[PDB]
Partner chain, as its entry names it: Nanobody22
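Before any questions on how it binds or moves, here is one chain, the form deposited without the partner chain, in structure tokens.
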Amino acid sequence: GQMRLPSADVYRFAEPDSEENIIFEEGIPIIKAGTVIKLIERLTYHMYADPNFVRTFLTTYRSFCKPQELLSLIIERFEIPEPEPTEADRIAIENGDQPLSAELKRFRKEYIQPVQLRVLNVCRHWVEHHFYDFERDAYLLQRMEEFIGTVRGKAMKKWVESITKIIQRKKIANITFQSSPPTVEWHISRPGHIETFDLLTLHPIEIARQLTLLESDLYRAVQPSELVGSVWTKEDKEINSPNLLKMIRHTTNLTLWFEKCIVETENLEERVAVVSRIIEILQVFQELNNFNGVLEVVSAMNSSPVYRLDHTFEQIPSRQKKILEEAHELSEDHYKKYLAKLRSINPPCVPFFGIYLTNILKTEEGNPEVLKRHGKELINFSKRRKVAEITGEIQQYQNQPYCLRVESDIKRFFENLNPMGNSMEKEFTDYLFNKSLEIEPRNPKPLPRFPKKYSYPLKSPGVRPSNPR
């Protein structure tokens, strides 16, 4: 038969399942809703491990349970009473013999040790992947250190001593590749001559590579703590979502820089060279699976100041119009082709983050925190699972590093890019649109001519890489 359990009066996690405390979705069960006690029981269940539930729960639990309360509950879960001797054990002891203790040994092996190990696995994952709870609450860390440091008994000892060391390392806190990265490419600007760096003087291949390294690093730095609770939209967004906002502000600045490069090139022939170079950068972004970069270019080309430059458009080669068209088509029909492409490529890649943000926000706004059943309020866990499916997808693309060499000066150039200067956003985007009107006036005003501004050759070196010995 099944193992008997402690009385639910001395150990709360032995209460029977019912629809008043847990609801399953229609080979392990999937939880739709439950009390916090039932969620923690299933988080640390004696019959099976559920590592994706551990991640889901530790990512999302703060919407229904405070960190201090979670720790109290898993300590309570850990402290399992052992059963008393059975009648057969009693009779053995009365005869001066050693009892077999069969039921006690089974309960230790099949209930206590798995539940206790799974509690420790929650602690291990909490410290390793959600350490911000402890960075923000020193007393919580003290409690965790004390709990782990006072677990007795040899069955758990290896993991207790390990988790103690992991905590101490987290308090004070290298890549290998299948091949060598390709050689850094140079065009008009030569190494060390940062003062000449610009859109047309750096090599377009290397512009795309260094922006991809920068944008990959920005993508990889965003933690789930910046996303759950929709905190990047709320009044404290600068406190709670700083890496996400840095990533978005880079994307915005690059889009505006592309627009500024275009409309501040008043000579038509030179402006065609600028737009053609930006489409070449887009081509390399596509080759690198940098979808953030792809959309940075698409957003610039579809902006009000650039979109209307029909005289510039007319001179762009057909093959480049086709590249831009197929990049824009990724975004059509609610990103249908983008989503399919992201799921088909071989990483590394840089996803576009905005879709994830909208899906997390709408999942949190469109589903209730609790379900009411039989007069009880149950935590709606399905809603949290949906959010954690999105954060899990984000994390999956954060693992793979690009095999590209950093160029420190080109990296610094793009880190320090500031197209708006000291101007406010409305000021600056009105300026860009007025420049567009200046360089290609609305019909029927005649098209003026403008002097050249670039003293160096406009011919692109192209985007196929070179390889000397």
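Residue numbers count along the first chain shown, from 1. By rigid core we mean the largest C-alpha set that fits within 1.5 Å across both forms.
The following text describes the form solved in complex with the partner chain, which does not appear among the structures shown.
**Asked** Using a 4.5 Å cut on heavy atoms, which of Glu438, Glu69, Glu415, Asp409 is close to the partner chain in the bound PDB entry?
**Response** When the partner chain is considered in the bound PDB entry, the option within 4.5 Å is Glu438.
**Message:** At 4.5 Å between heavy atoms, is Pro446 in contact with the partner chain in the bound PDB entry?
**Reply:** So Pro446 counts as contacting the partner chain.
**Message:** Contact with the partner chain in the bound PDB entry for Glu266, defined as at least one heavy atom pair within 4.5 Å: yes or no?
**Reply:** Yes, contact at 4.5 Å.
**Message:** I'd like to know if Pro16 sits close to the partner chain in the bound PDB entry, meaning any non-hydrogen atom pair within 4.5 angstroms.
**Reply:** It does not: once the partner chain is placed as it appears in the bound PDB entry, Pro16 has no heavy atom within 4.5 Å of it.
**Item:** Residue contact check: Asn434 to the partner chain in the bound PDB entry, 4.5 Å heavy atom
**Value:** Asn434: yes, in contact with the partner chain in the bound PDB entry.
**Prompt:** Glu79, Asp137 and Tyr139: each with a heavy atom within 4.5 Å of the partner chain in the bound PDB entry?
**Reply:** No: none of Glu79, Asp137 and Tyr139 comes within 4.5 Å of the partner chain in the bound PDB entry.
**Request:** Go through 401 to 429 residue by residue and record those having a heavy atom within 4.5 Å of the partner chain in the bound PDB entry; state none if no residue qualifies.
**Result:** Read in sequence order, the lone residue that approaches the partner chain (within 4.5 Å, in the bound PDB entry) is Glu427.
**Message:** If I align on the rigid core, exactly one of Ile379, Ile390, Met156, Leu254 should have its C-alpha move by 2 Å or more between this form and the one not shown; which residue is that?
**Reply:** Among the listed residues, the outlier is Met156.
**Message:** Please determine whether the C-alpha atom of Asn243 is displaced by 2 Å or more between this form and the one not shown following superposition on the rigid core.
**Reply:** False for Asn243: its C-alpha shift is below 2 Å.
**Asked** Superposing on the rigid core, is the CA of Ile316 displaced by 2 Å or more between this form and the one not shown?
**Response** Comparing the forms between this form and the one not shown, which are aligned on their rigid core, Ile316 does not shift its C-alpha by 2 Å or more.
**Asked** After fitting the rigid core, is the C-alpha of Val406 off by 2 Å or more between this form and the one not shown?
**Response** The answer is no, as the C-alpha of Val406 shifts between this form and the one not shown by less than 2 Å after core alignment.
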